[PDB]
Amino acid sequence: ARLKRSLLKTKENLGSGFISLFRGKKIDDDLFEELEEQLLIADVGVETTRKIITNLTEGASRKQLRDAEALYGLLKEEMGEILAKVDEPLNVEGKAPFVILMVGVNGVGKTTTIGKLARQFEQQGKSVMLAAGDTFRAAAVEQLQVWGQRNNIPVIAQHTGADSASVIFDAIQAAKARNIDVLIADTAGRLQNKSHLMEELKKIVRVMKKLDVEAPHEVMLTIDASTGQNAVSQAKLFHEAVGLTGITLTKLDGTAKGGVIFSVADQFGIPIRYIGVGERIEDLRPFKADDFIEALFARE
């Protein structure tokens, strides 16, 4: 029930938060407007809120419901369906190496997610290597090097400002030579220039093909739930630039903006591989839609 308390701030307005809104009320246009306002304040987003209201209105009409309290169950089903469409756990087994290209802006949890994932894979018996492909941020590169040395995890890094694609190429070659199961590659996160960063990512992906026609095996976006709609605009920008195959959504604990997960799910349809629900390694949890919905909707 750790997930339940990590969602405590989001549950004021969503899930169990619906109970106080519906109590004793009739289903009418006023109620659907109050619900729409609550969804929007919770960062569910305009398009996804409209879809939820439309589907809920139709679902209640088909059953000729009049008691607003029963909208709780319909919302649980319908918001559950939104998340079920992006429930698909990441499987990194069986490659040599499985290459995860980590993309996203700076400051939203990318290097922390790299460390937690690396520790989780090693805890499962997989060997891990890191590639310090954010080559102009010497602090980020030093962070991976020092942390990897402490953890007996090899880190491939080159001089400040080295070509990111070449660093990652060299890391894949090294991983293949050293029986590495998983290679996790960091990338630059300065999206102030759309064209440049997005051209760098395309170059990285093309260069990988010299060594493995299947690499990268996962392109993972990291976004921060506490940034609300910025998480959605970041996903949209990276989705148009590169072939995203997974999303990690960090910092759900302690934000009232957790509703953004429904917007990310609905707008892009990309699997949410992990959600960050605390500061421990194990608090980067593989995303399971039914578990999340149960925690969000359970009262108390």
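In case it trips you up, residue 1 is the first one in the sequence shown, and so on.
> Looking only at CA atoms, which has the higher mean B factor in the entry: 226 to 234 or 150 to 158?
Replying inline: If you average the C-alpha B-factors of 226 to 234 and of 150 to 158, the larger mean comes out for 226 to 234.
> With respect to the recorded C-alpha B factors, which stretch has the higher mean value, 41 to 49 or 59 to 67?
Replying inline: Taking the mean B-factor of the alpha carbons in each, 59 to 67 is higher.
>> In terms of recorded Cα temperature factor, pick the maximum from 198, 165, 117, 131.
In response: Max CA B-factor in the entry, restricted to 198, 165, 117, 131: 198.
> If you check the C-alpha B-factor for each of 191, 183, 215, 92 in the entry, which is highest?
Replying inline: Max CA B-factor in the entry, restricted to 191, 183, 215, 92: 191.
>> Taking only the Cα B-factors deposited for this chain, tell me whether residue 248 sits in the lowest, middle or highest third.
In response: Answer is lowest: the recorded C-alpha B-factor places it there.
>> Based on the deposited C-alpha B factors for this chain, I'd like to know if residue 82 is in the lowest, middle or highest third.
In response: Answer is lowest: the recorded C-alpha B-factor places it there.
>> Quick check for you: using the entry's CA B-factors within this chain, is residue 271 in the lowest, middle or highest third?
In response: Lowest third.
>> Test of reading the entry: by CA B factor among the chain's modelled residues, which third contains residue 76?
In response: Lowest third.
> Thinking about Cα B factors across the chain, which third does residue 176 belong to?
Replying inline: Middle third by C-alpha B-factor.
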